[PDB]
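Protein chains in written order, with the entry's author numbering: chain 6, 29 to 257; chain 4, 58 to 124, 128 to 263; chain 7, 29 to 240; chain 8, 27 to 243; chain J, 1 to 39.
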């Protein structure tokens with residue numbers, strides 16, 4: 029079995045049934061199956077969120093450059109009332125999330141379109157609605173799920189590294205890429221900072237301070253500033 | 058079992074025998090059967106009264122905003141002549157409302173006891189007593205042709221709805237000092253800046 | 029056979045190695061009595077966890093101080109924050125009192141009666157206030173991640189590490205108290221100082237600790 | 027069962043058919059003052075008396091004082107209302123005092139004799155027609171006839187409910203009176219105003235800020 | 001240890017400690033509240 033370590037031994041509760049495992053849980057927290065399903069769900073959740081996020085940020089930096097995706101929160105504009113937008117947002121989200129959670133806590137219990145009785149989703153797996161939720165399927169879930177989880181974990185890493193690269197350079201990830209390409213040698217946190225018993229150094233942040241939006245003036249500190257190297 | 062919460066856990070006692078029962082009692086306050094009766098009746102009364110109340114609110118407002129004895133705001137209590145002093149008429153009322161109250165209650169405690177005109181013994185209600193649903197003279201248009209249940213369900217539904225309606229009326233009136241139709245027209249002009257938080261934060 | 033706190037001598041009677049951190053160290057036989065011993069177990073656990081809290085907050089704040097983040101020195105921090113804010117010292121204190129009193133009383137009467145606190149007399153919760161062991165209230169709340177309910181072996185190892193780091197944190201916070209009591213400075217400052225000159229930055233250089 | 031303190035042990039005499047069958051028991055007897063049956067019975071009666079009196083008093087304080095915040099019903103402060111009334115009155119305060127002493131004394135003596143013997147004032151012919159309804163209702167502290175006119179003592183369902191609510195609200199009314207007089211000593215202000223102030227700023231309107239309750243601060 | 005506990009539960013030492021406790025109580029009382037005459 030392909031393992032996250034060549035030549036090592038998987039733990040107890042890890043075998044390989046669920047895709048995306050290769051015997052990795054050094055803390056062995058996958059003991060309780062309840063929390064384990066909980067965490068499978070949560071990891072799928074985060075992976076999908078982050079995949080969507082990186083995709084959107086990338087394509088947007090592409091087509092509409094010079095718009096700091098990080099500062100889109102600030103510099104967005106729309107004639108619609110922001111309060112109404114966030115209201116619709118909250119309510120929509122409360123609904124969808126309570127649906128998914130009610131189904132998790134009680135499997136196969138909400139599978140119907142409660143409006144159109146004709147419409148009702150077939151039986152499926154928690155974390156795998158499908159049917160209408162997956163109408164067209166080329167290939168096999170055997171590979172689809174493994175690719176899903178792989179790409180999702182990778183995209184989580186992508187998103188967080190984008191955030192770091194912004195906090196350190198303020199540049200969009202593509203800008204930072206072109207920068208790295210320009211100087212392969214000097215474009216490294218290595219070439220940016222280091223720590224020694226004599227003295228320590230860290231790169232300064234580009235996210236300036238409390239952002240002054242339309243009256244609120246959001247306090248904008250840094251992520252764990254003092255321990256960046 | 059239509060539930061206020063699909064897949065949830067209904068209480069045992071709630072069994073749909075009353076219209077509008079979606080198994081809703083998160084506080085288990087209807088475990089006593091006598092209490093359940095008391096409160097079925099109270100829901101009915103307060104809800105139906107809220108119905109007729111919000112109707113008496115809306116209708117004359119709608120007529121005033123169109124092309128007529130008065131166009132006064134519904135909460136403008138002490139202000140009208142009505143050719144008679146309020147206190148006297150109020151005493152009249154309390155007596156007569158007490159009259160439903162007493163025979164309503166009598167038939168609730170002892171069913172099938174109040175059917176006749178006590179004056180005109182011939183003039184009498186049938187056996188379809190159903191404490192809370194007399195009918196007969198209370199159903200002169202040949203209704204109750206349907207079973208009872210569609211009308212009962214829509215009844216309890218609209219009654220709860222009207223209770224909420226009146227609550228909104230009084231609350232938003234205390235806050236805005238305005239009339240409900242006007243408030244709704246404002247929300248229609250713009251909903252995007254007419255919200256609770258809009259106005260409580262302007263407050 | 030287990031490594032004694034003092035190699036060569038045999039351990040005491042009421043000390044065997046059943047609980048984590050047992051190296052046979054009760055030269056004063058305070059745990060001769062089972063009830064008192066178990067009580068002491070719980071007390072040591074509580075105090076060690078508190079010391080862990082103390083060390084963590086201290087070191088974080090001290091880093092925030094030394095690096096230019098404007099974080100006050102801990103022994104000044106309480107005063108400076110109550111001053112920077114419009115808070116009322118007695119109000120803070122009394123609310124904190126309320127809270128610690130209620131929770132600690134629950135713990136106390138659970139030590140008294142081992143399981144009466146999970147009876148569900150509380151709002152609606154049951155066994156979520158049921159102690160797994162003395163000083164080990166492992167439940168859905170005090171162990172939502174459920175480490176105790178898997179691999180009891182690694183769990184015992186974790187208990188070992190817990191008491192270990194706990195005694196370490198106790199001695200650490202005492203050390204910090206001493207560093208300030210001596211130098212009047214930040215412990216991280218004194219740290220960088222000993223870094224500068226271990227040969228000439230120490231208690232022997234303080235001359236206060238050793239009064240010669 | 028519902029205990030004043032979970033985990034803790036229940037007082038034996040409190041854990042008895044009579045006591046647990048009296049009302050509102052929670053095992054609350056730290057000092058153990060009702061071990062004697064006669065004693066605890068007396069105390070039950072006493073708690074009843076105090077409950078009802080305190081309910082009445084707090085009503086007479088709040089409701090008039092509440093509606094004096096409303097436009098109508100200009101009434102003074104409760105503690106000064108004594109002076110106000112003796113001013114607006116006609117008979118001397120000592121006089122009306124002695125009168126009401128007579129009045130209360132007679133019926134209190136009645137209650138007394140009945141507690142001594144439940145079938146005491148049912149002594150036929152002692153009064154013209156009293157005895158008939160002047161007998162107890164098998165629960166000392168629960169007379170009948172004129173007592174419970176509307177006949178709410180007949181339905182056993184709501185019986186213990188009325189009882190529990192009675193004892194609850196009565197104890198709470200005691201506490202209300204105590205808080206009122208306490209904040210009258212400390213703040214010196216009317217309780218409604220004290221409430222208004224604590225509403226305006228609980229964070230600074232409290233005995234914590236009075237420097238009265240806790241002067242060492 | 002239990003021997004020690006018993007030795008402490010012996011009588012004259014208990015009389016001792018109770019008296020010490022009471023006396024320190026009253027001495028501190030007079031310290032913080034000097035010169036009491038009435039009330």
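A virtual CB, placed ideally from N, CA and C, is assigned to each residue, including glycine.
Between residue 45 (chain 8) and residue 39 (chain 8), the C-beta spacing is below 9 Å.
In the three-state reduction of the DSSP assignment, residue 104 (chain 4) falls in the helix class.
Rounded to whole angstroms, the Cβ separation of residue 201 (chain 7) and residue 82 (chain 7) is 4 Å, and the two are in contact under 8 Å. In this structure residue 78 (chain 4) is buried. Its beta-carbon is surrounded by 16 or more other beta-carbon atoms within 10 angstroms. When DSSP assignments are scanned along the segment 92-158 of chain 6, no uninterrupted stretch of beta strand (DSSP E) that is 3 or more residues long falls wholly within it. Those residues of the segment 154-169 of chain 6 placed with their C-beta closer than 8 Å to a C-beta in chain 4 do not exist. In this structure, the CA atom of residue 131 (chain 4) is about 33 Å from the CA atom of residue 211 (chain 4). The way I'd put it, the segment 171-188 of chain 8 doesn't touch the segment 76-83 of chain 8; fewer than three beta-carbon pairs between them come closer than 8 Å. Note on residue 97 (chain 4): 16 or more other CB atoms within 10 angstroms of its CB, so buried under the neighbour-count rule.
In this structure, the straight-line span from the alpha carbon of residue 41 (chain 6) to that of residue 133 (chain 6) is close to 22 Å. For the segment 107-122 of chain 6, the set of positions with a beta-carbon nearer than 9 Å to some beta-carbon of chain 4 reads 107, 108, 109, 111, 112, 113, 115 in chain order.
Setting aside the 5 residues that flank it on each side, residue 234 (chain 7) is surrounded in the same chain by 210, 211, each with a C-beta closer than 8 Å to its C-beta; the list follows chain order. For residue 29 (chain 7), no Cβ of chain 8 is located within less than 9 Å of the residue's own Cβ. Residue 223 (chain 6) is bridged by DSSP to 228 (chain 6). Not a single C-beta of chain J is nearer than 9 Å to the C-beta of residue 63 (chain 7). Contact note: residue 224 (chain 8) does not reach chain 7 at a C-beta cutoff of 7 Å; the least C-beta distance is about 13 Å. Of all residues in the segment 176-191 of chain 7, those with a C-beta nearer than 8 Å to a C-beta of chain 6 are 177, 178, 179, 182, reading in chain order. Look at the beta carbons and you see the segment 191-207 of chain 8 touching the segment 84-101 of chain 8: at least three pairs across the two are nearer than 8 Å.
A residue is called buried once 16 or more other Cβ atoms fall within 10 Å of its Cβ, and residue 138 (chain 8), having fewer, is exposed. In the structure shown, the three-state DSSP call for residue 112 (chain 7) is helix. One alpha carbon belongs to residue 60 (chain 8), the other to residue 36 (chain 8), and they sit about 13 Å apart.
A distance below 9 Å separates the beta carbons of residue 1 (chain J) and residue 61 (chain 7).
Residue 98 (chain 7) is outside the set of residues whose beta carbon lies under 9 Å from a beta carbon in chain 6. Runs of the alpha helix (DSSP H) spanning 4 or more residues and lying entirely within the segment 80-157 of chain 8 occur at 104-114, 119-142, in chain order. If you look at residue 179 (chain 6), you'll find it in the alpha helix (DSSP H) that goes 169-197. Assigned with DSSP and collapsed to three states, residue 70 (chain 7) falls in helix.
For residue 70 (chain 6), none of the residues of chain 7 pass the 7 Å Cβ criterion, the least Cβ distance being about 13 Å. Under the 10 Å beta carbon count, residue 239 (chain 4) is surrounded by 16 or more other beta carbons and is classified as buried. Your pair residue 149 (chain 7) and residue 32 (chain 8) checks out as a contact, with CB atoms roughly 5 Å apart and the cut at 8 Å. Segment contact: the segment 247-255 of chain 4 against the segment 103-112 of chain 6, three or more CB-CB distances shorter than 8 Å; contact assigned. Between the alpha carbons of residue 102 (chain 8) and residue 147 (chain 4) lies a gap of roughly 29 Å. The beta carbons of residue 200 (chain 6) and residue 123 (chain 6) sit about 34 Å from each other, so the pair does not count as a contact at 8 Å. Judged by DSSP in its simplified three-state form, residue 239 (chain 7) adopts coil rather than helix or strand. A check of alpha carbon separations from residue 191 (chain 4) across 106 (chain 4), 167 (chain 4), 136 (chain 4) identifies 167 (chain 4) as the nearest. Taking a Cβ-Cβ cut-off of 8 Å, the neighbours of residue 91 (chain 7) in chain 6 comprise 254, 255, given in sequence order.
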